[PDB]
Every structure is written in C-alpha cells, then in structure tokens.
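No Cβ is skipped: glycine too gets one built from the backbone with ideal geometry, and neighbour counts run over all protein chains shown. Computed from the coordinates by the stated procedures, all read-outs in this text should not be read as laboratory data.
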Amino acid sequence: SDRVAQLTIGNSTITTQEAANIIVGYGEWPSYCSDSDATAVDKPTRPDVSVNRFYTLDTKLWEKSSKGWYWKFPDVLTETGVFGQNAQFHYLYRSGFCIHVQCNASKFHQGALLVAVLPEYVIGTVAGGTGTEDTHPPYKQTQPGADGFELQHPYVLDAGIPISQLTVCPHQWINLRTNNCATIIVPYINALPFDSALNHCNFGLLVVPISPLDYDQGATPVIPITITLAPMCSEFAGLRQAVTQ
Amino acid sequence: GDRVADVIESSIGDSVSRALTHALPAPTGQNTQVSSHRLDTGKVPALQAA
C-alpha cells in the first residue's frame, strides 16, 4: 500500500513496486495564482496537458568513486517540448514540479543516496584556493542544462554550507536494500508571483552518495541513475518573440 | 419694484459656481476587471480626437 505507487499526469504514467511514501515539499501542494497576489493584467494561458507531463532528462552512472551531482530547475526543460517553446515566447512563468528518481540494484548491492531540493542554491567558487583571488562561476555551471553538472567539493556543497544539514530541506534517500526510487512534489517557491524561466533558477536538485556503492565481481557494475520530472499548474504571460537566452 | 420681465428672468446675482465635476475617493488604485474578445462595429474606444 505504501510500497506500490503509480503516478498518472498527462499522457504519461509511472509505476514502481519497491518505493516509499510521497513527499510534499514544505507541506503544501501547487496552485494557480490568486487575483489578489497577482499584479499583471494580461490573461495567462494554461495548456494543462502539453506541459504538465513527465519529461526524462538524462541517465548518469554511479561508480564507487562518485561524488555527486546537481541540476537547476526549471532550466532543465527550456529546450524540451511545448513547455520550452512557450517559455521562450513568454517572459513570465509560474509552475510546480513533481520529481521522480530511479536507481535499481539487486539484493547483493549496497549504498545510499540523498535526494534533496534546495531553493536559491547559489554556486560559489574557491577564490583561487588562496582566498584572495576573487572569481565568479561561469555560465555552464549556473545553467548547465539537462546534462547536469558534477560537484567537486560535496562536503560543503560548493557553497560553504555542509551537507549534514541538507535534510532540513525536502529530502529522501535511496537505500538499495529497502527502496529503488524517490518521489518529491514541490510548490512554486519565490517571493514574486511570476518570474522569468531563463534568467532566474528557483531551486536545485542534488544527488549525493553518502555510503558508497559496493559489490563483488561477477555482478553487474553499471548502476545508472535516471531523473524524471513533471511540471504542474503551469502559467505563462507576456507574449513576444522567442528568446533562446 | 421689479415689474419688467427681463429683470425677473435675469441671471444677474449668481454667487454659485456651476461645477460640472465632483470629487470622489480613491484610497487605492483601480481594480482591473476581467474582459474578453469583442468583434463589433460602432463600439471603438481606440479612435479618439485630441
């Protein structure tokens, strides 16, 4: 009852057998904007199927010497589907997300991941190492795309903050003895009712192994990690020509 | 005695300021209402004469 789950939104559908319960980020569901909070006068558009469905990004690999990854949302979908081809036309954007993660393994493998959702995860460089040299992170590390970007110093999450306290955010684990997936639902987290989808990046998904993968020879070494996600309650406003960036 | 008629109907002695307008309250800006599309003749707010 708590293990088996199904997720049907749009034309698409997900099944899973060895799962856990579902999480709702910060204790509430997505929503469309109120006429009181809102400020813009133009009538939005709300497709409700062509955008609110499961998109599948890219399939990583989990070796024994792996460190971690992150993805920025909603940057991941700005070149993918009728979602992306609306977000280029319009200027204002609002949405939620459901986020599903896959990693399977047998009953001889062992490991644990941490699947967390952090709003406004600014990236910070190392200041040249000495501390004095001021630097800034390039464009391909702040909006790396759908292909993700790998961490170098995961103990501080590349921002001077520990990973030991990342559970205060909406988190889940993937202990390969117990489960094989993590489902997280998130509302729209921002101070402003609408905001751009290309410049601003509202939150970042992280996937960091704590206990490393391990097995014995004769067993399958390739242990992929796949990332699936779906917009929800998507609105758009400010129509004009398409802007890549 | 005002026995003529042009003195009775006279507009002289009018201490009143005929005001076309009248003030109204506005503690907040105006609330934008909802609209939809219209494809009619005659009705044409865009065309003004300045």
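Some points to look at:
- Relative compactness, chain B, computed as alpha-carbon Rg over 2.2 N^0.38 Å: 2.42
- Taking 0.36 nm per residue of separation and subtracting the current Cα-Cα distance, fully stretching the chain between residue A:104 and residue A:122 would add 3.4 nm.
- Over 24 Å apart at the Cα level, from the set A:64/A:140; A:64/A:107; A:43/A:140, are A:64/A:140; A:43/A:140.
- Of all beta bridges that DSSP places with both ends in chain A, some 95 percent have antiparallel geometry.
- If only the Cβ of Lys and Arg carry +1 and only the Cβ of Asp and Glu carry -1, the dipole of the protein assembly as shown around its Cα centre is close to 640 debye.
- Label-reachable residues, region A:161-185, where backbone N falls under 15 Å from a point 7 Å from residue A:214's Cα toward its Cβ: A:176-177
- C-alpha center-to-center spacing [chain B, region A:121-180] in angstrom: 65 Å
- Helix-only arithmetic for the protein assembly as shown: the sum of -39500 (n - 2.57) across DSSP H runs with n ≥ 4, divided by the residue total, places the mean residue ellipticity at 222 nm at -1000 deg cm²/dmol.
- Under a model in which nothing but the beta-carbon of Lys, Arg (+1) and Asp, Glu (-1) is charged, region A:103-203 shows a dipole of about 540 debye around its Cα centre.
- Between residue A:41 and residue A:200, the FRET efficiency estimated from the beta carbon spacing at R0 = 25 angstrom works out to 0.70.
- Applying D = kT/(6 pi eta Rh) to the protein assembly as shown, where Rh is the Kirkwood radius over alpha-carbon pairs, T corresponds to 37 °C and eta to 0.692 mPa s, the Stokes-Einstein value obtained is 140 µm²/s.
- When only Cα pairs below 8 angstrom with a gap of at least 6 residues are kept, region A:1-98 shows a relative contact order of 24 percent.
- Rg over Rh for region A:1-117 works out to 1.00, both radii taken from alpha-carbon positions and Rh defined as the Kirkwood radius.
- Across the alpha-carbon set of region A:56-210, the Rg to Rh ratio works out to 0.98, Rh being the Kirkwood radius.
- Sites residue A:178 and residue A:85, calculated FRET efficiency, Cβ-Cβ separation with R0 30 Å, nearest 0.05: 0.15
- Residues A:155, A:55, A:139, A:188 arranged by fewest to most Cβ contacts within 10 Å: A:139, A:155, A:55, A:188
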